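Each chain, written out:
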Amino acid sequence: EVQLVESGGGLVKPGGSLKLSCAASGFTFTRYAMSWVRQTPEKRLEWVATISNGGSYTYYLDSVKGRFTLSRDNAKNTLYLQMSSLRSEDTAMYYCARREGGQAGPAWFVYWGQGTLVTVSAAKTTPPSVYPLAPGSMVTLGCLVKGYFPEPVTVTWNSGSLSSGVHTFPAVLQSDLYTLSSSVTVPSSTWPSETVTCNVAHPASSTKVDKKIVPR
Amino acid sequence: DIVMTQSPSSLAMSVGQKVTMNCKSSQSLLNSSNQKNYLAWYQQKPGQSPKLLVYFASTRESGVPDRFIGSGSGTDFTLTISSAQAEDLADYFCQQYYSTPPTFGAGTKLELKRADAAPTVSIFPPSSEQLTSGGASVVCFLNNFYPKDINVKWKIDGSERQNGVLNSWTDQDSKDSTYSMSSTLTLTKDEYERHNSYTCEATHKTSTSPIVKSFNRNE
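Residues numbered from 1 in each chain as written, not as in the entry; some residues may be left out. Chains lettered and ligands numbered in written order. Heavy atoms only, no water. Residues with missing side-chain atoms left out of burial classes, pairs and counts.

What follows is about the overall build of chain B. Along chain B, the regular secondary structure elements total two helices and 21 strands. What you see for chain B is a C-alpha radius of gyration of 23 Å, clearly larger than the 17 Å of a compact globule of 219 residues, by over 25%. Along the three orthogonal principal directions, the C-alpha set of chain B runs to about 80 × 35 × 30 Å. Expressed as a percentage of contacts within chain B between residues at least 6 apart in sequence, the contacts between residues at least 24 apart total 59%. (Helix = DSSP H or I, 4+ residues; strand = E, 2+ residues; numbered from the N terminus. Rg over C-alpha atoms; globule rule 2.2 N^0.38 Å. Contact = heavy atoms within 4.5 Å.)

Counting from both sides, the interface comprises 40 residues of chain A and, opposite them, 44 residues of chain B. A total of five residues in the side of chain A that touches chain B trace back to one element, the largest contributor, which is strand β13 (residues 138-148) of chain A. When the residues that make up the side of chain A that touches chain B are grouped by side-chain class, the tally is 22 nonpolar, 13 polar and five charged. (Nonpolar A, V, L, I, M, F, W, Y, C, P; charged D, E, K, R; others polar.)

Turning our eyes to something else, we now look at the sheet that holds strand β8 (residues 78-83) of chain A. Sheet strands line up and pair through hydrogen bonds in the backbone, either parallel or antiparallel. Residues and elements named next belong to chain A. Reading across from one edge, β1-β3-β8-β7 is the order of the four strands in this open sheet, with antiparallel pairing throughout. Each end of this open sheet is capped by a strand with a single partner; those strands are β1 (3-7) and β7 (68-73). Neighbour-to-neighbour, the strand axes of the sheet open up by a mean angle of 15°, direction not taken into account. Direction of pairing for β1 relative to strand β3 (residues 18-25): antiparallel, over a ladder of five bridges. Each bridged residue has a counterpart across the sheet, and for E6 the counterpart in β3 is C22. (Pairing = 2+ DSSP bridges. Axes fitted to C-alpha atoms, helices over the stretch in contact; angles between N-to-C directions.)

Attention now moves to the domain arrangement of chain B. Residues and elements named next belong to chain B. Per the domain assignment, the segments of chain B are domain 1 (5-110) and domain 2 (120-216). Contacts between the two partners involve four residues from domain 1 and, on the opposite side, five residues from domain 2. Class assignment of the residues belonging to the side of domain 1 that touches domain 2 gives a composition of three nonpolar, no polar and one charged. (Domains from an automatic or database assignment.)

Glancing now at the pattern of salt bridges. For the structure on display, the rule yields 13 salt bridges over all chains. The closest approach of N and O atoms between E87(B) and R67(B), which form a salt bridge, is 3.2 Å. A residue pair is termed long-range when its members are at least 10 positions apart, and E87(B) in the loop between β10 (76-81) and β11 (90-96) and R67(B) in the loop between β8 (59-60) and β9 (68-73) qualify at 20 residues. Overall, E87(B) belongs to the partly exposed group, its relative accessible area being 39%. The class for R67(B) is buried, based on a relative accessible area of 11%. Linked by salt bridges that have partners in common, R38(A), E46(A), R67(A) and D90(A) make up one network. (Salt bridge = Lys/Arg side-chain N within 4 Å of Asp/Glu carboxyl O. Buried < 20%, exposed > 50% of the residue type's maximum accessible area, 1.4 Å probe, protein only.)

With that out of the way, let us pick up the packing of aromatic side chains. To describe a pair of aromatic rings, you give the distance between the ring centres and the angle between the ring planes. By the definition in use, this model includes 23 aromatic pairs over all chains. Ring centres 5.9 Å apart and planes at 35° place the aromatic pair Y148(A) and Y178(A) in the tilted group. Here the residue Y148(A) occupies a position in strand β13, and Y178(A) occupies one in strand β17 (residues 177-187), the gap between them amounting to 30 residues. The exposure class of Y178(A) is buried, given its relative accessible area of 18%. A ring pair is formed by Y38(B) and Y98(B), whose centres lie 5.9 Å apart and whose planes are at 55°; its orientation type is tilted. (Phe/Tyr/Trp six-rings, centres within 6.5 Å; stacked < 30°, edge-to-face > 60°.)

Here the focus is empty space enclosed by the protein. There is about 120 Å³ of room inside the largest cavity. Along the lines of polarity and charge, the residues of the lining of the largest cavity split into six nonpolar, nine polar and one charged. (1 Å grid on protein atoms, 1.4 Å probe; cavity = no way out; pocket = protein on both sides within 12 Å on 5 of 7 lines; lining within 4 Å. Points joined across faces, edges and corners; volume = space filled by probe spheres on them.)

This part takes up the pairing of strand β6 (residues 39-44) of chain B. All names here are of chain B. Within β6, six of the six residues are buried, leaving the element largely enclosed by the surrounding structure. Across the two faces of β6 the burial is the same, with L39, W41 and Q43 and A40, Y42 and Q44 all buried. Taken together, the six bridges between β6 and β11 define a ladder with antiparallel strand orientation. Paired with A40 across the bridge in β11 is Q95. Pairing of β6 with strand β7 (residues 51-55) involves four bridges; the strand directions are antiparallel. Of the residues in β7, the one forming a bridge with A40 is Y55.

Here it is, written out as structure tokens:
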């Protein structure tokens, strides 16, 4: 199968630099042009750069010309995006993608990487506070993930054993920090007789928290 | 810089019915040397990368179900879903590759229609952990309702409270086509301790009958 595994996103101050990586497998890498496409917080797709099969020709969006540098290691099947003098307007989810057709000029993208998030902010990394939500047929439990920065956090229930009946809500900004919540709905016979734990991860702060929902 | 305009911004249709999404460009994308249009369609579901559905205006990517049809020429293009399924909930983007820079449209969100459904409302007192640190978040879930319009009201000891409320909506559920909403009332510990009853109310404009869930700090 074709896989585009990205890595390297994170928080960076305005004016700083950051290098994204895109590891490719499952196709003849040297026979395809590669591209970077970013998506803004309002879900707006935006082509950033494209590099030819051998790297001799690069093309850049005008907004990034002279600040970002595309490069590829055809021996290691790896695509790189070196970003420098970063501005807040560069904050976005960054995708690598394979320019389809193997020809001169732009084209469509069939294979996309999973995306890595780049946050350009002077705010400091802050771990979340995770609080259990317990009630004072089916029973709804929750946990509150409050006051973290930057995005993202990942919330699971019983380490992914509880997938159905889960609602993890998008984060909102409050006092320059993010807060989200997640609910899980289980049968009455499950809780509280069994154990329901919400697992919260905040990779930017290396935070890994499990909160068991205990009755009131 | 070719401008890709997608109309409308959102589309609502029932399961099994036909969806038609429009995309307007600024220049002809047809190449008269091989008679092909330089347009592509992408489907992006919540939390996922965009996925190519149609390239060259009407060529369907290997693996895309037959219900996705692309059509158009010049500056007006169409993505047709002959019968919308529950999984087809997504944001659909068009993209031109006629001239650098490749540009995308703002996207058209596909919403599914279904029968009205009242929210399942749950209210949660602040945890003792948060109270020890001086905080008091009162959380209310309004889960699996339809349609999307729903207004939450908070009352403290019977009086409405509007400050300190933050709301969050999920994307439409790809199984039952419902929406869910989270409403957090963030108070200080001191103010939370100064009152007893906290009430979360789910209302909608078409009715005067809310759905109410409350608790008492003392009992």
